[PDB]
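Report on the structure given below.
Every read-out reported here was derived from the displayed coordinates using simple, explicitly stated rules and does not represent laboratory data. Every residue, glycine as well, gets a Cβ built from its backbone with ideal geometry; the counts of neighbours run over all protein chains shown.
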DNA sequence: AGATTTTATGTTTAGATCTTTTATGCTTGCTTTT
DNA sequence: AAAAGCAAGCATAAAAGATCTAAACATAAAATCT
């Protein structure tokens, strides 16, 4: 969202951006694509991600959060691994 | 016009005393209808017995799963990875309901996808199916069958005793996703109060189950996977145990056999369509006359010979194999071609000859298929059906593949060769004891075959107690089994046409439907159908001027591009041949009615072709 | 028929011959009776109209059995009409339930209650104008599944089996038969599914002020080779052809009803008044009015 | 070869034998 | 683990090439975001181009098209009401690895046409 | 003098209709690579 | 120079959104049977 200026995303784009971190994360190497897909559906049922109102893996979506809320989640989170805390800054 | 053609009504009752076996007694009392009904009832009951004996293991596992839930929140649920051939499995789910009702362990609703477009309709058909199923074991309106009424009914009935509430969902892939997830959440909400079990019918794979069930829905699922056997395995079991059984007197030819298996393996995995196509083959065979009612077991066949009239004698004379039988014979052929009673007295020898030849064909095939299909690269195929099609379609010894089988069997070491031939001998002897001895005309078949097997076993003992003897053993196997008892269908004993069915063209026409081929050859050359003395074309693109009016418009259509102006089309058709404009409008309207063109909407007086 | 994909990637004697063809298809009938007795359903897929052939089968062979003819080429038939026809007239069970599959369940129960009361079902054009949805074909396949109900049907469209999946094609236990008559599609195309003179005929019925209003639009169209509404309103108020705006809107509503004038609204909110006729014929029409 | 003319020719070959 | 008929396998890989290869590349591959929409005649053209055997257009082949649609192996992204009029648009809904497995069982190398 | 279909009536929900508005698509008109 | 490629333009049509209406469903008045 910060790069493309709040353009609508997709499960494939977000899984690719996550796997580019997961290949060097040295803790997230073991996840299956299906676990990331069920995590994306878990984001969708909390209405942290809302559909633009097509396959479930290709439906377009919108973030329902301001960036400041995610930034305060980054500080309020318990036992956050340092690799994710470094990846969040850049 | 016709009274049926009305501007107002669309349906026209012709009721004749309907309240709230089509043929007459001449056909049902004909012997060929009797033998056709007998052979069809035997074949259909044997195929149903094979399907039940293949399903029975998964049936016992599903019934044990339901009773194990009854011995005891998430709803327990059992995915059943069934095949692509969805219509066939209704008998499986019906057998599951029969077992669950016979044990008094559960009551079953069945939720078809047609009944559940919405969550309301799904809940109504579910509660209505459970209440009316319990009523049918030992009628509320569908507007009032609420889940609260299901709970009140279950408390009024079975709280004093626990019956499971099995909810079959046979077509899991056809459901709306939101209705199915809401229904799973509804059934999970009532667990503890109402014991639900949710068996499913997944035609594809478990990845579809993991895809259509989200994180929230699969949080309340405790599914177990059962697997139905594969459809080609069921086809191979039916083809080996039914269509190749010695006990049936009706055999398919190799072309018809390959055609029905080609429809199964290359188009649809429905066993039911293969069974209906075999039923059409059986009907097309047996409806040729009482001469084909001779095609039965030997005693009823002798009774049919003593029943016969004269048209049956004519149609046993007309069939092609009789002509070599006559020319390979003077007074005897005058008595055969005219006297009729001599042919009635000589029929039992020919019928016993044909039935004995087909029994020896099945026994020699049960020999040869192990010895050939154990080999690497398999020149003649593995199972009995491919060697059946190969030995019937053409003479086997003249084929290159038999030379390859003889070479690759000649290259064997002595121990595996003697073990292979001894395995073929033990398998053939077990088949001769198990399946040919109960059968009528099986004692004579065993008396023909058994000394030849003893001679092959003595050749095996000769190659055991002593390099070049393996070639003599192959020669004994060739000329006492392959040469004598495995002839090509043209070399079958005469009047074998009563027993085989080789007419593949009309049955391929009436089973395989190709409307586009008929429309193509009717719109290209009408002379193929009309058979006019003037309308023949030496080539299909000629466009002659005496053609029927749809064909000329269709050809001037075919010979150009996509978008077509109507006006130059009309000038070309007027150049080929007022009322001519009405004939062109009628032809364009018929050609639109067939779907070949369509009128443009954005551009007036134009047409686009839908074909390529 | 084995089509090539490059055409997509680059994109008298006749009466006697037709009578011999029809006599052969009439000779086929007892075989169809035995095939229908064995549970197969008949499907015809010829070129020409097969209405007279199925009518001859109903007339000569099914003269006493119960028969529900269904005209599938009818533009306005519904599957509710056919299920209501079976439920009300064949079984005397009243109106069918509003869910069609519930009606098929009811028909299956009531026909299970009565063996040897066969219902023949003749459907000219199973690919009909209102039977081309998947749901009506599912209803027809569920009806043809019944042992009591036998089905004969015609097929004409080239793309018909795109809506029959293997479940419907297994319920439709079809015995395909090439009944290629060469008869023209009269009745099938007679229905609704498949001009300066009309403008003069409607212009004759108009009153004098309506003639003046249409002549004003004709003069503006020939002068400009669609007029904004305000120019027509000012011209009519100058020529005293209208009393106020609403009567002019009623006259243009009448012209829209009789299709002399097409109204195309602009993005600015003004209404444009095109006359949908070429200007040579419009110039001839203006010369006709002089 | 049609069945009728074949049956007739075979009967002629028998009666001429 | 999805067992299929032979012509259903060729129809399914042809639908995958129709949804994965875009409309313009068929002219260069066969004359001899998301998955793309494709009309049924485009599917039949790619199927006849990759078949190299040329079976006739029987009822059973278009029945295989409709029953692949019913199993959610294909989908109706539009059209629906007019499948027969040629305005229908289908969309293949399977992954690449199942197509490579089908091309292993068949012997048709899918990756040449991608 | 009381129970039972029978019928006439009112309500409710699904479907037809009017209207705006928005969009992909059908065609056009250049536009541009091979 | 030939045929694939990007803005333009009206058009069927598709959503939609209110809106009105026809038929299915619940219900009451009433002849009918006891």
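Tabulated data for the structure shown
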| quantity | calculated |
| --- | --- |
| Cβ-Cβ FRET estimate between residue B:416 and residue B:61, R0 fixed at 35 Å, reported to 0.05 | 0.35 |
| Separation of the residue B:98 and residue B:160 label points, Cα + 7 Å toward Cβ, nm | 3.2 nm |
| Per-selection Rg to Rh, chain C - Cα, Kirkwood hydrodynamic radius | 1.20 |
| Rule-of-thumb Rg ratio for chain A [Cα; 2.2 N^0.38 Å; N residues] | 1.12 |
| Euclidean distance between Cα centres, the range B:185-211 to the range C:153-216, Å | 47 Å |
| Label-zone membership for the range A:26-45, site residue B:215, 7 angstrom Cα→C-beta point, backbone N under 16 Å | A:31-45 |
| FRET efficiency for residue E:100 and residue D:15, using Cβ-Cβ distance with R0 set to 60 Å, rounded to 0.05 | 0.20 |
| Peptide-level mean, for B:281-291, of C-beta atoms on other protein chains within 10 Å | 1 |
| Backbone N within the range B:94-118 under 18 Å of label point (7 Å from residue B:176 Cα along the Cβ vector) | B:111-118 |
| The range C:46-203: radius of gyration and largest Cα-Cα distance (Dmax), Å | 17.8, 65 |
| Cα-only Debye scattering, the protein assembly as shown: base-10 log of I(q)/I(0) at q = 0.04, 0.06 Å⁻¹ | -0.30, -0.67 |
| Within chain B, helix-based [θ] at 222 nm, where runs of 4 or more DSSP H residues each add -39,500 (n - 2.57), nearest 500 | -17500 deg cm²/dmol |
| Translational diffusion of the range B:407-499, µm² s⁻¹ [Kirkwood Rh, Cα pairs; Stokes-Einstein; 10 °C; 1.306 mPa s] | 107 µm²/s |
| Computed P(r) (all Cα pairs; the range B:507-612; 5 Å bins; percent) | 2, 11, 21, 23, 19, 13, 6, 3, 1, 0 |
| Label zone at residue B:120, where the point sits 7 Å out along the Cα-to-Cβ direction: the range B:141-161 residues whose backbone N lies under 12 Å | B:143-144 |
| Dimensionless Rg/Rh of the range C:137-290 - Kirkwood Rh, Rg from C-alpha atoms | 1.33 |
| Three principal axis lengths of chain B [C-alpha, angstrom, descending] | 86, 84, 58 |
| Residue C:20-residue B:309 pseudo-label distance in nm [points 7 Å out on the Cα-to-Cβ vector] | 3.0 nm |
| Stretchable slack from residue C:64 to residue C:88, in nm (0.36 nm times residue separation minus alpha-carbon distance) | 6.7 nm |
| Ordering of B:246-258, B:535-547 by packing [mean C-beta count within 10 Å, highest first] | B:246-258, B:535-547 |
| Per residue, the convex hull volume that the Cα atoms of the range A:7-60 enclose (Å³) | 89 Å³ |
| Averaged over B:331-344, number of beta-carbon atoms from partner chains that fall within 10 Å | 2 |
| Förster-model FRET efficiency, 25 Å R0, residue C:283 and residue B:601, C-beta, rounded to 0.05 | 0.30 |
| Rounded Å value of the spacing that divides the Cα centres of the range B:494-551 and the range B:2-75 | 35 Å |
| Chain E shape via C-alpha gyration tensor axes, a/c threshold 1.5 | rounded |
| Cβ neighbours within 10 Å from other chains - mean over E:48-56 | 3 |
| For the range B:1-136, the Rg and Dmax computed from alpha carbons only, in angstrom | 22.7, 72 |
